[PDB]
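Taken in order, the sequence shown gives residues 1 to 36, 44 to 298; the numbers are from PDB author numbering. Backbone N, C-alpha and C fix where the C-beta goes; we use that ideal spot for every residue, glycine too. Below is one structure, written out as structure tokens, with a few remarks after it.
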Amino acid sequence: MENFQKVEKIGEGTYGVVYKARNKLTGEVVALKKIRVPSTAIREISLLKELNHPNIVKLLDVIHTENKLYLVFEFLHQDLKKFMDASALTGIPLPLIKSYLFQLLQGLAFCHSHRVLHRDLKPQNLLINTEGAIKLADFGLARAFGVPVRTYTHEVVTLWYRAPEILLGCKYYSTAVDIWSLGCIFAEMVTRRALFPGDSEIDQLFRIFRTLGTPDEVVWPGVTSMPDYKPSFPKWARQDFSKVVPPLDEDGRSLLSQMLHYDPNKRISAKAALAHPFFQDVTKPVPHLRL
Ligand SMILES: CC(C)c1nc2c(OCC3CCCCC3)nc(N)nc2[nH]1
């Protein structure tokens, strides 16, 4: 760690503090993360250093010293959460939403092809630069250190982007969980409001049900035998997407519906999503960032 000079506290992640830092040797400006000895974690994280892609925040270095783990990441200057908050008055223009979605799906398709999932996508871990790129941060960290209810600061970990199979207690969930989360973020970029802002697991589930309909054996074979499924769940009818994400056009609503399929086996893959007609006219606009 002596090789790094902390510039500033960026914030507090799930596992530890995140610092903006300078490498005293390379001159590099970086995101330095403190993770709150386990050899299985070392080995997992070392596999991540290999998983390199332009829409994945690069893991530069893993440093295990004194019973302590530090991850050194590529640094980006702004996150999607703050960008959305700053664009709240007129919205992010559709061509930019589409470009970001497209790039994030390329990110997922890559990781998923290597059997690596994120599990905790959220606006705060999607990072953007001045050139119009967006990148997924902290990929793979969840299978290394788990997802707690509270962070080390007791901050509440958000449920808003959590897939229904996780909430229903599936232990062996798939890459489809990341597609669900990205669908939720897509809807939020469009409407400028979170799609399912649950404040407990049941509230999260019940918000999902109220918009997409309570799932049953017709739309999701196997659903009623999931660990946390209860026959006593209220039965809500599904809303039309035209009501859920106006003014998203038919191509967008079509794609979003496939990202939000209940059955993870029906839910569109990242690769198939990249071929959806929504992306026919996709471009790469540059955002206006005040840094
Ligand atoms: C200057 C701000 C926008 C910033 N944050 C970064 C970051 O992660 C910090 C967050 C990760 C997700 C959870 C909250 C902290 N990770 C990386 N690599 N760069 C960042 N740049």
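DSSP, read as helix, strand or coil, puts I215 in helix. For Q85, the secondary structure class from DSSP, reduced to helix, strand or coil, is strand.
Contact annotation, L133 with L111: C-beta distance approximately 7 Å; criterion of less than 8 Å satisfied. Taking C-alpha positions only, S207 is separated from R169 by approximately 11 Å. Under the DSSP definition of a beta bridge, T72 partners with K75.
The closest heavy atom of ligand 1 lies less than 7 Å from the beta carbon of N132.
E138 has its Cβ no nearer than 7 Å to any heavy atom of ligand 1. According to the DSSP assignment, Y236 belongs to no beta strand (DSSP E), since it is labelled neither H nor E. By alpha-carbon distance to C191, the top candidate from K6, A277, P102 and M266 is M266. Annotated as proximal: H125 and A149, with beta-carbon spacing under 8 Å. DSSP places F4 in the strand class (E or B) of the three-state scheme.
With a cutoff of 7 Å, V64 counts as near ligand 1, since its C-beta is closer than that to a heavy atom of the ligand. Look at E162: its beta carbon is at least 7 Å from all of the heavy atoms in ligand 1.
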